[PDB]
Amino acid sequence: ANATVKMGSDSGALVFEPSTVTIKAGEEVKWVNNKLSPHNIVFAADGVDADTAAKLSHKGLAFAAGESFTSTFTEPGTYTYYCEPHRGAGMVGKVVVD
Ligand SMILES: [Cu+2]
């Protein structure tokens with residue numbers, strides 16, 4: 001089963017929910033653009049390789065509530081991601097693979 005997260009809380013708050021999700025080795029995650037546009041979802045090559053992290057790093061630029069993105073986690077790690085330009089707050093989230 002893939003996991004999914006929505007870019008900002010229903011009510012209209014920055015914080016991602018669920019902030020962490022679990023996913024399998026080679027399963028997907030989908031991010032759905034809710035609200036508080038523009039979003040990016042930039043992934044840090046923190047304890048994971050550059051290429052992998054880069055492919056997983058959505059440099060994509062979601063404003064329209066509709067354009068979701070997907071990423072595959074081939075390697076069983078933890079990935080951490082953040083939203084650079086998105087005004088200060090601390091858009092923390094991280095995915096955990098099985
Ligand atoms: Cu954001």
# chains A, B, ... in the order shown; residues from 1 in each chain; ligands from 1
>>> residues_near_ligand(ligand="ligand 1", cutoff="9 Å", atoms="only C-alpha atoms and all ligand atoms", output="list in words")
residues 7, 8, 14, 15, 16, 35, 36, 37, 38, 39, 40, 41, 62, 82, 83, 84, 85, 86, 87 and 91 of chain A
>>> write_last_selection(atoms="N, CA, C and O atoms", output="compact mmCIF listing (two decimals), in the first residue's frame")
# COMPACT_ATOMS: atom_id res chain seq x y z
N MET A 7 -0.68 18.57 1.52
CA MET A 7 0.17 19.74 1.69
C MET A 7 -0.62 20.82 2.44
O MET A 7 -1.21 21.71 1.83
N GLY A 8 -0.61 20.73 3.77
CA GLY A 8 -1.27 21.67 4.67
C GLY A 8 -2.58 21.09 5.19
O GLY A 8 -3.25 20.31 4.50
N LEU A 14 -0.28 25.32 7.90
CA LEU A 14 0.89 24.87 7.17
C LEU A 14 1.18 23.40 7.47
O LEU A 14 1.42 22.62 6.55
N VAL A 15 1.22 23.03 8.75
CA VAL A 15 1.72 21.73 9.19
C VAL A 15 1.16 20.58 8.34
O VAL A 15 -0.05 20.49 8.11
N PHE A 16 2.04 19.69 7.87
CA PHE A 16 1.61 18.55 7.08
C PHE A 16 0.90 17.58 8.02
O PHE A 16 1.34 17.40 9.16
N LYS A 35 -3.84 23.35 0.25
CA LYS A 35 -3.98 24.80 0.35
C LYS A 35 -2.71 25.36 0.99
O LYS A 35 -1.85 24.58 1.39
N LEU A 36 -2.60 26.69 1.05
CA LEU A 36 -1.38 27.42 1.40
C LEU A 36 -0.36 27.23 0.27
O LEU A 36 0.75 26.75 0.48
N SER A 37 -0.75 27.61 -0.94
CA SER A 37 0.12 27.63 -2.10
C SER A 37 1.04 28.85 -2.03
O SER A 37 0.70 29.84 -1.38
N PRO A 38 2.19 28.84 -2.73
CA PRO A 38 2.77 27.70 -3.43
C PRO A 38 3.42 26.75 -2.42
O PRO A 38 3.97 27.19 -1.41
N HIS A 39 3.38 25.44 -2.70
CA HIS A 39 4.20 24.46 -2.00
C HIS A 39 5.27 23.93 -2.95
O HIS A 39 5.01 23.70 -4.13
N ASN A 40 6.43 23.62 -2.37
CA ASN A 40 7.41 22.69 -2.89
C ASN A 40 7.46 21.57 -1.85
O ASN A 40 6.88 21.72 -0.78
N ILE A 41 8.16 20.47 -2.14
CA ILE A 41 8.42 19.44 -1.14
C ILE A 41 9.86 19.01 -1.41
O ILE A 41 10.09 18.12 -2.22
N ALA A 62 3.83 23.28 -6.61
CA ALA A 62 2.40 23.03 -6.58
C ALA A 62 1.66 24.27 -6.08
O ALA A 62 1.79 24.62 -4.91
N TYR A 82 11.10 19.35 3.47
CA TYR A 82 10.80 20.69 3.94
C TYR A 82 10.46 21.58 2.74
O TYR A 82 10.55 21.14 1.59
N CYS A 83 10.02 22.81 3.02
CA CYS A 83 9.36 23.67 2.05
C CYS A 83 9.99 25.07 2.10
O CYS A 83 9.31 26.04 2.44
N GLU A 84 11.28 25.16 1.75
CA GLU A 84 12.13 26.35 1.78
C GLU A 84 11.38 27.70 1.74
O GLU A 84 11.42 28.44 2.72
N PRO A 85 10.74 28.06 0.61
CA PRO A 85 10.22 29.41 0.43
C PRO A 85 8.97 29.68 1.28
O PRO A 85 8.51 30.82 1.35
N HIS A 86 8.37 28.65 1.88
CA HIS A 86 7.05 28.74 2.46
C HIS A 86 7.10 29.33 3.87
O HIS A 86 6.75 28.67 4.85
N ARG A 87 7.46 30.61 3.93
CA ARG A 87 7.21 31.51 5.05
C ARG A 87 7.43 30.90 6.44
O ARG A 87 6.50 30.81 7.24
N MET A 91 7.88 23.76 8.09
CA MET A 91 7.13 22.68 7.45
C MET A 91 7.91 21.36 7.56
O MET A 91 8.44 20.87 6.57
>>> residues_around(residues="residue 18 in chain A", least_positions_apart="5", cutoff="10 Å", atoms="only C-alpha atoms", output="list in words")
residues 3, 4, 5, 6, 7, 8, 9, 93, 94 and 95 of chain A
>>> residues_around(residues="residue 56 in chain A", least_positions_apart="5", cutoff="8 Å", atoms="only C-alpha atoms", output="NGL selection string")
:A and (43 or 71-73)
>>> write_last_selection(atoms="N, CA, C and O atoms", output="short mmCIF file (atom, residue, chain, number, x, y, z; two decimals), in the first residue's frame")
data_model
loop_
_atom_site.label_atom_id
_atom_site.label_comp_id
_atom_site.auth_asym_id
_atom_site.auth_seq_id
_atom_site.Cartn_x
_atom_site.Cartn_y
_atom_site.Cartn_z
N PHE A 43 13.53 17.42 -0.56
CA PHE A 43 13.96 16.28 0.25
C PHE A 43 15.46 16.38 0.49
O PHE A 43 16.20 16.64 -0.46
N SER A 71 6.43 9.80 -5.49
CA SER A 71 7.83 9.42 -5.35
C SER A 71 7.86 7.95 -4.90
O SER A 71 6.96 7.54 -4.17
N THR A 72 8.85 7.15 -5.35
CA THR A 72 9.05 5.76 -4.93
C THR A 72 10.21 5.72 -3.93
O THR A 72 11.25 6.31 -4.22
N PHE A 73 10.08 5.01 -2.81
CA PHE A 73 11.19 4.85 -1.88
C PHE A 73 11.78 3.47 -2.10
O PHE A 73 11.37 2.53 -1.44
#
>>> residues_around(residues="range 77-79 of chain A", least_positions_apart="4", cutoff="10 Å", atoms="only C-alpha atoms", output="list in words")
residues 20, 22, 23, 24, 25, 43, 44, 45, 46, 47, 48, 53, 56, 57, 73, 93, 94, 95, 96, 97 and 98 of chain A
>>> select_by_dssp(residues="chain A", states="alpha helix (DSSP H)", output="list in words")
residues 50, 51, 52, 53, 54, 55 and 56 of chain A
>>> write_last_selection(atoms="N, CA, C and O atoms", output="mmCIF file, in the first residue's frame")
data_model
loop_
_atom_site.group_PDB
_atom_site.id
_atom_site.type_symbol
_atom_site.label_atom_id
_atom_site.label_comp_id
_atom_site.auth_asym_id
_atom_site.auth_seq_id
_atom_site.Cartn_x
_atom_site.Cartn_y
_atom_site.Cartn_z
ATOM 1 N N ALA A 50 22.536 11.219 -3.007
ATOM 2 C CA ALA A 50 22.156 12.430 -3.711
ATOM 3 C C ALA A 50 21.140 12.127 -4.809
ATOM 4 O O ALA A 50 20.055 12.690 -4.784
ATOM 5 N N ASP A 51 21.464 11.251 -5.765
ATOM 6 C CA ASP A 51 20.582 10.915 -6.878
ATOM 7 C C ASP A 51 19.194 10.509 -6.388
ATOM 8 O O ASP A 51 18.188 11.090 -6.791
ATOM 9 N N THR A 52 19.143 9.508 -5.509
ATOM 10 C CA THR A 52 17.889 9.046 -4.909
ATOM 11 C C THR A 52 17.136 10.229 -4.314
ATOM 12 O O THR A 52 15.996 10.505 -4.694
ATOM 13 N N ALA A 53 17.786 10.948 -3.394
ATOM 14 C CA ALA A 53 17.172 12.075 -2.725
ATOM 15 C C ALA A 53 16.716 13.100 -3.752
ATOM 16 O O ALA A 53 15.682 13.726 -3.569
ATOM 17 N N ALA A 54 17.462 13.255 -4.845
ATOM 18 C CA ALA A 54 17.158 14.242 -5.872
ATOM 19 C C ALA A 54 15.885 13.840 -6.608
ATOM 20 O O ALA A 54 14.988 14.657 -6.791
ATOM 21 N N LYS A 55 15.800 12.569 -7.002
ATOM 22 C CA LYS A 55 14.646 12.011 -7.695
ATOM 23 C C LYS A 55 13.401 12.109 -6.801
ATOM 24 O O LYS A 55 12.318 12.454 -7.267
ATOM 25 N N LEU A 56 13.572 11.811 -5.512
ATOM 26 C CA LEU A 56 12.544 11.968 -4.480
ATOM 27 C C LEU A 56 12.263 13.445 -4.148
ATOM 28 O O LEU A 56 11.152 13.772 -3.739
#
>>> atom_distance(atom1="CA of residue 30 in chain A", atom2="CA of residue 68 in chain A")
6.7 Å
>>> select_by_dssp(residues="range 36-94 of chain A", states="strand (DSSP E or B)", output="VMD selection string")
chain A and resid 39 to 44 58 to 62 69 to 72 78 to 82 93 to 94
